[PDB]
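> Take this sequence and fold it.
(chains A, B and C, ligands or ions: 3)
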Amino acid sequence: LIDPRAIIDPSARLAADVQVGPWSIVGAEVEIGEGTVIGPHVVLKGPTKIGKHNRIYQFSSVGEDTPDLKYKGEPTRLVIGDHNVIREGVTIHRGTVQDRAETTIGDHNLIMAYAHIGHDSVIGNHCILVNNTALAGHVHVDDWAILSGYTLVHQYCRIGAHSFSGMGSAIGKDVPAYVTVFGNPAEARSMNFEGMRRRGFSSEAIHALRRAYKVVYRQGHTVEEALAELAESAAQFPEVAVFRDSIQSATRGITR
Amino acid sequence: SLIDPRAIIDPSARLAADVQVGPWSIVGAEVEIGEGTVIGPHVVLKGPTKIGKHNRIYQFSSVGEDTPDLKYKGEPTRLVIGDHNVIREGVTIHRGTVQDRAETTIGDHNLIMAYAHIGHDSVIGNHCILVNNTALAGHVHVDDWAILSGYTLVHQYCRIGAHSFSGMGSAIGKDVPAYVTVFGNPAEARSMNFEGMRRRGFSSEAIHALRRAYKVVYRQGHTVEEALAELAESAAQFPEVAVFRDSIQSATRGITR
Amino acid sequence: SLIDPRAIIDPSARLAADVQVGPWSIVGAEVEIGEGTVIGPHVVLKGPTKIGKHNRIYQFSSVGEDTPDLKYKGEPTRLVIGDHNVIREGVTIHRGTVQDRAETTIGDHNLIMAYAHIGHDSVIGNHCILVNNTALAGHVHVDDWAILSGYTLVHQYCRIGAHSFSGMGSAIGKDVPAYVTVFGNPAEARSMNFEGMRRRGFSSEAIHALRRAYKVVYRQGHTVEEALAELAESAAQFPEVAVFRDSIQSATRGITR
Ligand SMILES: CC(C)(C)OC(=O)N[C@@H](Cc1c[nH]c2ccccc12)C(=O)Nc1nnn[nH]1
Ligand SMILES: CC(C)(C)OC(=O)N[C@H](Cc1c[nH]c2ccccc12)C(=O)Nc1nnn[nH]1
Ligand SMILES: CC(C)(C)OC(=O)N[C@H](Cc1c[nH]c2ccccc12)C(=O)Nc1nnn[nH]1
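Numbers count the residues shown, from 1 in each chain, chains lettered A, B, ... in the order given. Ligands and ions are numbered 1, 2, ... in the order given. Provided below are the atomic coordinates:
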């Protein structure tokens, strides 16, 4: 199971069932949960927790220090939940003390080749980061979001649930939930209707969201004006509450 | 010896005469490597995969992996690489899918530069150049002598025409006709790869006919059907113009404008 | 032992006494590493290459490979890296070509982040930051304190001026004068790196002269020659404005407007 050409540190803690391929390093204070397959040529540094039925592909560096000059050797964490797929050459950095000292990844995420998850970034669940997506630092990606290949996300930006970025997008402002964004700089186009139909959203929920988009984007309203209009549609439909909450929590403005 | 003893060579792998495998490389089950092919160190080959003769594959490359685009994979899907190809550091090439071609296909004399991605069921021809971090989604066809500048992104099902050129950071969402130069995200047609025509020894008459051929398609408000009819005569006279017309004829999903 | 036994040290390699090399790293023929330098695991160092003192080179990096550039034909060319440089994961640095100066040169105190590329015959000075996946094509000069944000692409022969800044995903096809801030694909001149100047402690008087110097080049309908002639006075008075004027004077591909 543990290939004899792998270096497993004494401090490491590997649940039974765990596979580690040859020439992989499981470093000091790295936990791995049952069912997790670590590939060949993987560098795991801690303090790091990895959950269950994860797959980490060759040439990935999971749990290294941020090179960001605002990090001076403090003991910070990286947590990864269950049923994640981390592909070839992904880099995931641990937190910094300045924020919450944790980089966090939930469950059922698909992180494609050469993606970068910067320090203190929070990834939720069932997210897809397509090839070479780069999250700068303190980036929050809520559940089911999809970032197309070579999507760049500025420090501290929030990526809403069910949001979609087009290929080569450069995001400098929050993307509300359900919103599709394209280009450099990134601009709002539409709602992720396919994402809603994926979730078996009621036809009434999809209509409430279709309208909610117009309130925010295509009706000349300010953000405070728009939050007021959405407050009843949000009280009625939980799906709209997600959209409304993503705009409310966007203190640094929304992607328009 | 040619096979470094720190490399893992599966019993089912077939190595031909003059093959080199550098240290800590994996030659997985049902990988076939042809005559004089050099596998660097830290290379992962996964099968079923057929690599031809006098190829060079650099460190940190993953050649023959499964697409992550499916969660439950198919077997057997194949990867076929021809002769005299250069695959540089950190390149990812995915095998085909059971739904579509069941094969990713690369021809001969191609240069695939560092960290380029070739997605499931894509077809590369001959004498192509994929510059650093070019990424092909899935079922992309790159025809002979196409050059994609670094960080070019190509959407699923798109055709890259022969002798075409993409500018750095191009995001191609529709077919690029033969010879056409495209730039930006989203990609826009600018001109033709006259530089590339001269290097292939194209007659100046064939180049003048291709310049007029660009105007017919792009600059004179014609339907594609009208463009094809208007090009028919030039196309009969010059094989070079026929390559252009044929690339436009085969675009079901529209051309890059 | 500071040399991991699983590492490959070519007999012809010249390592200072306290050099570290992690497991499964290759220090090839005619590679020299100065005192304090830590090489991580899974690094390929190829020569002829000189690395100075107190450098750090992370896993999956390929430092000193031949350029795939077709004009190179296996000639004996060099890479030279100075002291106190950080080279992050999967960085690729190519040696030079005989057509230029047969050398790729990196100075001191540079931070080169994950999957950056430094093409043949590139010259990087001191205190530069190349953020993730920055790609320099070839013969690119990046002068002191320049910051290039992630996925910045730089065309062959482009000069990146001192204390210059490029935004996320910039595509630089023309020279970036010193202090100038550029964004987007293609790169556009926005203003000057005042944030960067103020922080490094530039004089109020100097910043004010650079602001007017910016106006002169960009905002007064002057051609480059008329701009340089107008700059003559302030260039004469202020060094910072001389660096600016000089970076314009040495621009071979034009300047980013
Ligand atoms: C550049 C590259 C890497 C070759 O392709 C992509 O970036 N992504 C595709 C879509 C895609 C791939 N896997 C997925 C899984 C779930 C949902 C969508 C996808 C795409 O083409 N995105 C897009 N379309 N228009 N603009 N950007
Ligand atoms: C692609 C990726 C990694 C997700 O994002 C970045 O490139 N981040 C940079 C951060 C940065 C700014 N200055 C620095 C100095 C040293 C080190 C890092 C920086 C940025 O966000 N660049 C920018 N700013 N405005 N537009 N693009
Ligand atoms: C992103 C990176 C790696 C830093 O540079 C490039 O993409 N380089 C290409 C090189 C090139 C130009 N002409 C060629 C012919 C044959 C073969 C390679 C080329 C380019 O620069 N492409 C372009 N030019 N203008 N916009 N994009």
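
> got the residues of the stretch 101-250 of chain A near ligand 1?
A:128, A:130-131, A:146, A:148-149, A:166-167 (C-beta under 6 Å from any ligand atom). No exception for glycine: its C-beta is placed from N, CA and C like everyone else's.

> Can you add neighbour count and secondary structure and give these back as JSON lines?
Formatted as JSON lines, these follow (neighbours: other C-beta atoms under 10 Å in any protein chain shown; DSSP: H, G, I helix; E, B strand; the rest coil):
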{"residue": "A:128", "neighbour count": "20", "secondary structure": "strand"}
{"residue": "A:130", "neighbour count": "24", "secondary structure": "coil"}
{"residue": "A:131", "neighbour count": "26", "secondary structure": "coil"}
{"residue": "A:146", "neighbour count": "22", "secondary structure": "strand"}
{"residue": "A:148", "neighbour count": "22", "secondary structure": "coil"}
{"residue": "A:149", "neighbour count": "28", "secondary structure": "coil"}
{"residue": "A:166", "neighbour count": "23", "secondary structure": "coil"}
{"residue": "A:167", "neighbour count": "25", "secondary structure": "coil"}
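
> Is it possible to get JSON lines of those residues that adds distance to residue A:108?
Supplementary listing: those in JSON lines, determined by distance: C-beta to C-beta, whole Å:
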{"residue": "A:128", "distance to residue A:108": "10"}
{"residue": "A:130", "distance to residue A:108": "16"}
{"residue": "A:131", "distance to residue A:108": "19"}
{"residue": "A:146", "distance to residue A:108": "13"}
{"residue": "A:148", "distance to residue A:108": "19"}
{"residue": "A:149", "distance to residue A:108": "20"}
{"residue": "A:166", "distance to residue A:108": "23"}
{"residue": "A:167", "distance to residue A:108": "23"}
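
> Relative to residue A:15, which of the residues you listed is nearest.
Ranked by distance to residue A:15 (C-beta to C-beta), these are led by residue A:128 at 26.6 Å.

> For that closest one, give me its contacts.
When contacts are counted by C-beta atoms under 8 Å, 6 or more residues apart in numbering or on different chains, residue A:128 touches A:109-110, A:112, A:145-147.

> now swap in residue A:29 and tell me
By C-beta under 8 Å, 6+ apart, the contact set of residue A:29 is A:11-12, A:46-48.

> In those residues, which residue is surrounded by the most others?
Counting by other C-beta atoms under 10 Å in any protein chain shown, residue A:48 has the largest number of neighbours within the contacts of residue A:29, with 24 neighbours.

> Please tell me I have it right and that residue contacts residue A:77.
Yes - contact status for residue A:48 versus residue A:77: in contact at 7.2 Å, counting by C-beta atoms under 8 Å.

> follow-up on the earlier one: any chance of the contacts of residue A:29 in CSV, with secondary structure and distance to ligand 3 too?
Formatted as CSV, the entries for these read as follows, by DSSP: H, G, I helix; E, B strand; the rest coil; distance: C-beta to the nearest ligand atom, whole Å:
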residue, secondary structure, distance to ligand 3
A:11, coil, 41
A:12, coil, 39
A:46, coil, 35
A:47, coil, 37
A:48, strand, 33
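
> Of those residues, just say which sits nearest to residue A:160.
Proximity of the contacts of residue A:29 to residue A:160, judged by C-beta to C-beta, is greatest for residue A:48, which lies at 27.3 Å.

> Residue A:215: neighbouring residues, count only.
20.

> CA atoms only for the helix or strand containing it, dumped as CSV, please.
Following DSSP states H and E, one finds residue A:215 within helix A:203-217. The C-alpha coordinates for helix A:203-217 follow below in CSV (Å, rounded to 0.1, in the frame of the first residue of the first chain):
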residue,chain,number,x,y,z
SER,A,203,-39.0,26.1,-12.5
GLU,A,204,-40.4,28.8,-10.1
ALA,A,205,-36.9,29.1,-8.3
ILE,A,206,-35.2,29.5,-11.8
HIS,A,207,-37.7,32.2,-12.7
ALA,A,208,-37.2,34.0,-9.2
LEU,A,209,-33.4,33.9,-10.0
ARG,A,210,-33.8,35.1,-13.6
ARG,A,211,-35.8,38.1,-12.3
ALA,A,212,-33.3,38.6,-9.3
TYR,A,213,-30.4,39.0,-11.9
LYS,A,214,-32.4,41.9,-13.7
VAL,A,215,-33.0,43.6,-10.2
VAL,A,216,-29.2,43.7,-9.6
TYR,A,217,-27.7,44.2,-13.1
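
> Next, the buried residues of that helix.
Of the residues in helix A:203-217, those with enough neighbours to count as buried (16 or more other C-beta atoms under 10 Å in any protein chain shown) are A:205-206, A:208-209, A:212-213, A:215-217.

> Off-centre distance for that helix?
25 Å (C-alpha atoms, centre = their mean, to the nearest Å).

> Packing partners of it?
Contact analysis of helix A:203-217 by 3 or more C-beta pairs under 8 Å, 6 or more residues apart in numbering or on different chains; DSSP states H and E lists strand A:187-191, helix A:193-198, helix A:223-236, helix A:238-248 as its packing neighbours.

> Let's have these in CSV, adding distance to residue A:1.
Supplementary listing: these in CSV, determined by distance: least, C-beta to C-beta, whole Å:
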stretch, distance to residue A:1
strand A:187-191, 46
helix A:193-198, 36
helix A:223-236, 50
helix A:238-248, 41
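
> between the contacts of residue A:128, which is nearest residue A:73?
Nearest to residue A:73 among the contacts of residue A:128: residue A:109, at 28.6 Å, using C-beta to C-beta.

> Run a quick neighbour tally on that closest one.
Around residue A:109 there are 25 residues (other C-beta under 10 Å).
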